[PDB]
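Trainee: Quick note, the sequences are listed as chains A and A', same order. A prime marks a further copy of an entry chain. Using the entry's author numbering, you'd call the opening residue of the first sequence number 8 and step up by one each time. Using the entry's author numbering, you'd call the opening residue of the second sequence number 8 and step up by one each time. One structure follows; several queries about it will come next.
Number of protein chains: 2
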Amino acid sequence: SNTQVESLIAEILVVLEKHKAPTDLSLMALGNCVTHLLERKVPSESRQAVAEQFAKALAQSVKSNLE
Amino acid sequence: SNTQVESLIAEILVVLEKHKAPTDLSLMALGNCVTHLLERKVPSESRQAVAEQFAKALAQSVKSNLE
């Protein structure tokens, strides 16, 4: 499964690299992708909650990476 | 610029769609992409802060989308 996640990640990263897209642009696109998914696959009532858990995970991820 | 953002977004979304990747898997990959970018292009001292602003934007985005 790790190889599955990693492959998805690599594929998405290459997309950003191919466009030589700036950091801010990359984040904006990535954020919109999350927003798109939540709106299209998460019930309106849980959307904010899933968004917040995504955010917490991101924050924790970044923090720990600061090790 | 909107077409530029939208094109990036579409390209990333197609990547997820091609894998028929589940929502949770998509989020995990997307989150890792943000983490990757922050670690590779944002100074260690601002990383958490940029991560939090990304999160706020995401949260606000989702909220407003609930209109």
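Even for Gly, the Cβ is constructed at its ideal location relative to N, Cα and C.
Please tell me whether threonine 30 of chain A' has its Cβ less than 9 angstroms away from any Cβ of chain A.
Mentor: Within the second sequence, residue 30 of chain A' is the residue found at index 23, counting from 1. Taking Cβ atoms only, chain A reaches closer than 9 angstroms to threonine 30 of chain A', which makes this a yes.
Trainee: Between which two residues does the alpha helix (DSSP H) containing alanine 66 of chain A' stretch?
Mentor: On the second sequence, position 59 is the one that residue 66 of chain A' refers to. Here the alpha helix (DSSP H) through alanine 66 of chain A' covers 51-72.
Trainee: Between the Cα of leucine 65 of chain A and those of A:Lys48, A:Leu37, A:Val21, A:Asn9, spot the shortest distance and give me the residue it belongs to.
Mentor: By 1-based counting over the first sequence, the position of residue 65 of chain A is 58. For the residues A:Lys48, A:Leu37, A:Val21, A:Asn9, the minimum Cα distance to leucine 65 of chain A belongs to A:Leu37.
Trainee: Please compile the residues from chain A' whose C-beta is within a distance smaller than 7 angstroms of the C-beta of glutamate 46 of chain A.
Mentor: If you number the first sequence from 1, residue 46 of chain A lands on position 39. By Cβ distance, chain A' contributes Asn72.
Trainee: Using beta-carbon positions only, say whether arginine 54 of chain A and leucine 73 of chain A' come within less than 9 angstroms of one another.
Mentor: Taking the first residue of the first sequence as 1, we reach residue 54 of chain A at position 47. Taking the first residue of the second sequence as 1, we reach residue 73 of chain A' at position 66. Cβ distance < 9 angstroms, so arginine 54 of chain A and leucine 73 of chain A' count as in contact.
Trainee: With a threshold of 9 angstroms between beta carbons, is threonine 42 of chain A in contact with chain A'?
Mentor: As a first step, residue 42 of chain A is located in the first sequence; it is residue number 35 there, counting from the start. Yes, its Cβ sits closer than 9 angstroms to a Cβ of chain A'.
Trainee: Which residue's Cα is closest to the Cα of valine 57 of chain A: A':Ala56, A':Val49, A':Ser68, A':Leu45?
Mentor: Counting from one through the first sequence, the residue named residue 57 of chain A turns up at place 50. Of A':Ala56, A':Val49, A':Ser68, A':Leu45, the residue nearest in Cα terms is A':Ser68.
Trainee: Can the beta-carbon of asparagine 39 of chain A be found less than 9 angstroms from the beta-carbon of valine 22 of chain A'?
Mentor: Reading the first sequence from its first residue, position 32 is the one you call residue 39 of chain A. Reading the second sequence from its first residue, position 15 is the one you call residue 22 of chain A'. Against a cut-off of 9 angstroms, the Cβ pair of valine 22 of chain A' and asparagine 39 of chain A comes out as no contact.
Trainee: In three-state terms, what does DSSP make of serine 33 of chain A'?
Mentor: As a first step, residue 33 of chain A' is located in the second sequence; it is residue number 26 there, counting from the start. Of the three classes helix, strand and coil, the one that applies to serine 33 of chain A' here is helix, per DSSP.
Trainee: By DSSP, does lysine 27 of chain A' sit in helix, in strand, or in coil?
Mentor: As a first step, residue 27 of chain A' must be located in the second sequence, where it is residue number 20. Looking at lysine 27 of chain A' - three-state DSSP - the assignment turns out to be coil, as it is neither helix nor strand.
Trainee: Distance check for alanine 17 of chain A and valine 41 of chain A', CA to CA, integer angstroms please.
Mentor: Position 34 of the second sequence holds residue 41 of chain A'. Position 10 of the first sequence holds residue 17 of chain A. If you draw a straight line from the Cα of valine 41 of chain A' to the Cα of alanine 17 of chain A, it comes to about 12 angstroms.
Trainee: Can the beta-carbon of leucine 32 of chain A' be found closer than 9 angstroms to that of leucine 15 of chain A?
Mentor: As a working mapping, residue 32 of chain A' is identified with position 25 in the second sequence. As a working mapping, residue 15 of chain A is identified with position 8 in the first sequence. Their beta carbons are under 9 angstroms apart, which means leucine 32 of chain A' touches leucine 15 of chain A by this criterion.
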